[PDB]
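So the structure is just underneath, and the comments pick up after that.
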Amino acid sequence: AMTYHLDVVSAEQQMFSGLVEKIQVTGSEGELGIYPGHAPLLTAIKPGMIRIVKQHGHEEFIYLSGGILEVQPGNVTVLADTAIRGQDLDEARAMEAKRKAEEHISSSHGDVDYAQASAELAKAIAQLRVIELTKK
Amino acid sequence: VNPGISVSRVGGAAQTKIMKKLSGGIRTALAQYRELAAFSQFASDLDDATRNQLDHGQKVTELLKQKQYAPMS
Amino acid sequence: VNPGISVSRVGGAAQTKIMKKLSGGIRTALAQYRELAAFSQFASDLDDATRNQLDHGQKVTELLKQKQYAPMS
Amino acid sequence: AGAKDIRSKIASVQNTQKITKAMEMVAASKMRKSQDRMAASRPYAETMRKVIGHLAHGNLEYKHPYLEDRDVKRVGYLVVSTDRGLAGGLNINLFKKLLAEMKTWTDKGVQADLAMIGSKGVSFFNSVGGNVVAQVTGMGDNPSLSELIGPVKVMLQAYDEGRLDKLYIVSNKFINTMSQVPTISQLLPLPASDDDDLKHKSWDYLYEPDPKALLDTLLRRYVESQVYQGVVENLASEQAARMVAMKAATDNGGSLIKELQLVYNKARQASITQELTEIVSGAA
Amino acid sequence: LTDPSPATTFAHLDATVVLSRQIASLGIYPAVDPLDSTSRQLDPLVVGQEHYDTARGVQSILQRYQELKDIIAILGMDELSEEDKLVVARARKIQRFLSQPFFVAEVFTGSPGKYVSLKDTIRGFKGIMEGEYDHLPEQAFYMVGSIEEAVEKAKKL
C-alpha cells in the first residue's frame, strides 16, 4: 500500500523507493508498527528483510545489510549501510593498510586493452629501427 | 666489437678443459642482458626475475671489459 | 587468393538473375567480416554487429573454402 | 623498404597509428562508461549532509567531536594512484600540485600524514617520499567503501586520534568530459556543514540515539560516498584523456610515413637512378 | 661521404673536421659537426681522465640523449624515467654551454665572443657534470661564455 513516499537510498546509488503505506519491520528500538502517519523521528535498522505494504498493497520483505532510516514529518526514505562498517576490520585492515603501507601493497587495472596494449608497448614501441632514420 | 654478429667457426674447442669447461653462458646474456634490454621497450615493464637478468644480464654485463690496450692472462 | 584485390573486368556482367541478381552482396560484406573482425582484438567487445557479422561473415567465410579439384554447380 | 627499411619501418608506423587508433576507440568506450559510471556515487552522501544540517540547526546545539577533525600535530594527506595507464598526466598535474602543497605544509612546517591509494602515487609518494601510514593501491575501476574500510579506519585512528589536524585530500575528476578536474583538498577540516543546520529541524525528529555517534560513523558515510563520486570522476577524467592521448598517438606516425615516402619514393627515384647508372655502365 | 674526396680523404688526415648544417640546424655559433672528429693526440694518459674521462662521459651522454630521441619522439618524452630528463637536461644545458662566445664571432655574429681556456673547460665540465649550477638556462649555456661567464649569465641569465 502506498503512503508517504517511501524511498530507499544507498551511498553509491539509491537502493529503492516508492510509497509504502505500511512498512512492516522491527526498529532497532523494537517491533515497529507498519504505519502511515508516524511523526518526525530518526531511526536505524540492522540487516534483514522487512515486508512492507508499499504502493498499491504491494508488501514485500527486503533483506538489509544494516543501515539507517528515518522520517522527517511525512518524509520517508531509506539508507542502507552497504554493510555495517567492519569493527576492527577497517581498523584491523588499518594495520593491513598500515602493513600495506609498511609491507608494500599494490593493485592495478589490467585490461586486455591495457594488457594487450602494453604488449603493443614493448612490442609496438620496440621494433622501431627507423628510430635512427630521421636526421638534421 | 659486435658479438654474435661476430661469428667464428673455430670456437672454444681450443678453449682448454676449464676454458672448455667454464666458457658457456656467453650468448645467454647476449640473449639475457639484451633480452633484459627488451623489457625497457615497454616503459616500466621489468620483473625482479628479469631484474636478475639485468643482474646477470646487465650487472654481469657490467662485468666484462677489454681496454684500448688489453692483454689477457 | 587476395579477396577482390583480384579484380576482373568482366565479373557478374555474365552473371544471371540468380547469379547477378540473387548472388550479389559478396565482396564488400566480405570486407566487413574482415573489417568486422579487424578492430576486435585491440579495441574489443564487438557486438553482435561484428559478432553477428564478422562471425556470420566468419561462418559464411568458412563456407567459402573450395578445395583443390572442386568444381561448383 | 624504402631500401629494405623505410617501408618495413613505415609499415611498422602503420601498425603504430592503427594500434593507437584502436587505442582511441578502446579508451573512448572506456571514457564513456568511465564518466557514465563515474556519476553514480552521490546519492546517500548528499542525503547525509542535507539532513546533517537539517536536524543540525536545533541538533547542532549539542556537540561536534570532529569540529577539529584530528587535533593539530599533522595536517594530514591522502593519495590515490593509477591502477592502469593511458589516461593522462595527473601524476604531473595532481602529483605536481601535490608536491607543491607539501611544500606549503613545510612552509607551515607542521606535521603531515599521507596515505597511498592507487598504485602509481603509491609509487610517486613512495618515490617522491612522504608519510603514508596506510598505503592502498589500484582498486581498478571499482570504488568500494568496504574496500575503503581497512583504509577507512586506517586513517580514522589518527584523525579520530586527533593526530593530523587538517589533512590533504587529492582526487582527480573529469572537470568536463574535456576538462578533467584533478582536485586536492585540505582534508580533516571540520567539513563544517551548517546549512540545513540553519533551520531548526522543524520536523522534530525523535532520535533513537544521540547524534554524535552518527556524527562519527555517518559522517564517514557522507564524506566516503563523496569519495566514491570523486574518484569515479577521476576515472571519468582518466578514460577520457585516455581516449585523447590514444588518438593523438594514433596520429603521430603519419609524418614518418611521409619521410619513408621520401626513402621509398625518393630512394625509389634513387633506385631508378642507379638502375640507369649501371644499366648504362654494364651496358657500357 | 663515400665520395673519395671525403671517403678517401678520411685516410690522409690526422684529425677529421666537418663544417656542417648540424650545429647550424642546431643554430649553434659553431654551425658545424664535430661529434665524429678525432683528436689523435688526446691520450687518456695525455688527457688524463680530466679530458679523457670527461670525454668518455661525452660518448655516453651522446648516446644517452641521442638514444632518448627515439621513444621521446614516439610517445612524446612522457614515458621516460626522469633521469633521462637529467640527460636531456645537461643536453640542452651543457650541450648549449659548448656553444660559446668566440672573439671572431664579431664578424659573422656582429658581437665578438670570448677566448676560452681549457682548465675552465675541465672546471665547468665538472660543474654541469655535477649539474652544479643546474640553474643556468640552456640558453645561458647556449653560446655560453665560460662556466662563470655562463654562470655570470646564470646570475643575470
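Heads up, the Cβs are rebuilt from the backbone with ideal geometry, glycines too, and the neighbour counts pull from every protein chain shown. Bear in mind that the values in this text are calculations on the coordinates, not laboratory data.
Structure notes:
- Neighbouring Cβ atoms from other chains, within 10 Å of the Cβ of residues in A:39-48, number 4 on average.
- Among the trypsin sites (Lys or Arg not before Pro) within the range D:30-86, those in coil by DSSP and having at most 13 neighbouring Cβ atoms inside 10 Å are D:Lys63.
- The Cα trace of the range D:6-107 gives Rg and Dmax of 23.3, 78 Å, the first to one decimal, the second as a whole number.
- Pairwise label distance in nanometres, C:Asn2 with D:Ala248, each label 7 Å out on the Cα-Cβ vector: 3.7 nm
- For the residues of A:78-85, the average number of beta carbons from a partner chain within 10 Å of their own beta carbon is 5.
- Inter-label distance for D:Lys50 and D:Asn131, nm, one decimal - labels placed 7 Å from Cα along Cα-to-Cβ: 3.9 nm
- Using only alpha carbons, the range E:51-157 has a radius of gyration to Kirkwood radius ratio (Rg to Rh) of 1.02.
- Directionally averaged shadow of the protein assembly as shown, computed from the convex hull of its alpha-carbon atoms, nm²: 53.9 nm²
- Remark on D:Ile184: its backbone amide H falls under 5 Å from those of D:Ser171, a criterion applied only to residues 5 or more positions apart or on other chains, H modelled at 1.01 Å from N.
- Nitroxide proxy distance, nm - points 7 Å out along Cα→Cβ at D:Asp210 and E:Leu42: 8.2 nm
- Diagonalising the gyration tensor over the Cα atoms of the range E:1-90 and scaling each eigenvalue by 5 before taking the square root yields semi-axes of 28, 20, 12 Å, largest first.
- Cα-Cα over 22 Å, subset of B:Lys67/E:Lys119; D:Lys108/D:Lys212; D:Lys108/D:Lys166; D:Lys30/D:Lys96; E:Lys93/E:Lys114: B:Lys67/E:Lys119; D:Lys108/D:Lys212; D:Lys30/D:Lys96
- Hypothetical label at D:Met178: residues of the range D:19-62 whose amide nitrogen lies under 19 Å (7 Å Cα-Cβ projection): D:28, D:31-32, D:35-36
- Phi angles of the range B:15-31 translate, via the Karplus equation with coefficients 6.51, -1.76, 1.60 and θ = phi - 60°, into HN-Hα couplings of 5, 6, 3, 5, 3, 3, 4, 7, 7, x, x, 3, 3, 2, 5, 3, 4 Hz per residue; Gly and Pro are given as x.
- Taking every residue in E:68-76 and counting other chain Cβ atoms within 10 Å of its Cβ, the average works out to 5.
- Backbone N within the range A:101-136 under 15 Å of label point (7 Å from D:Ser8 Cα along the Cβ vector): A:127-133
- Three-way shape call for chain B based on the alpha-carbon gyration tensor, with the a/c threshold at 1.5: prolate
- Debye log10 I(q)/I(0) at q = 0.15 Å⁻¹ for chain D, Cα point scatterers: -1.11
- Only one residue of E:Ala150, E:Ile128, E:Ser39 has its Cα farthest out toward the positive end of the dipole of the range E:33-157, where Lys and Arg carry +1 and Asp and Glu -1 on Cβ, and that residue is E:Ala150.
- Secondary structure note: in the protein assembly as shown, about 65% of the DSSP beta bridges are antiparallel.
- A:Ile68 long-range amide H proximity, modeled H, under 5 Å: A:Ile45, A:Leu79, A:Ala80, A:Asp81
- Rg and Dmax, both from the Cα atoms of the range A:31-136 and both in Å, are 27.5, 86.
- Converting the Cα gyration tensor eigenvalues of the range A:90-136 into ellipsoid dimensions via √(5λ) gives semi-axes, longest first, of 42, 14, 6 Å.
- Proximal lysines relative to D:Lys4, as straight alpha-carbon distance under 23 Å, when same-chain residues fewer than 8 apart are discounted: A:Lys123, A:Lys135, A:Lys136, D:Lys18, D:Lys258, D:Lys266, E:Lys69
- Distant-in-sequence amide contacts of D:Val132, defined by a placed amide H-H separation under 5 Å and a gap of 5 or more residues or a different chain, comprise D:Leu114.
- Take chain A and mark each of the GluC sites (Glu not before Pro) that is in a DSSP loop with at most 16 other Cβ atoms within 10 Å; the longest unmarked stretch, sites excluded, is A:61-102.
- With N as its number of residues, the range A:3-89 has a Cα radius of gyration that, divided by 2.2 N^0.38 Å, comes to 1.03.
- Cα gyration tensor category, rounded, prolate or oblate, for the range D:176-284 with a/c compared to 1.5: prolate
- Efficiency of FRET from Cβ geometry, D:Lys108 and E:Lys155, R₀ 30 Å, rounded to 0.05: 0.45
- Each peptide in D:12-18, D:231-237, C:17-23, D:200-206 receives the mean, over its residues, of other Cβ atoms within 10 Å, and ordering these scores from highest gives D:231-237, D:12-18, D:200-206, C:17-23.
- Paramagnetic reach from B:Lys67 (point 7 Å along Cα→Cβ, amide N under 17 Å) across the range E:44-74: E:44-50, E:52-53, E:56
- The share of C-alpha pairs in the range D:116-212 whose separation exceeds 22 Å stands at 49 percent.
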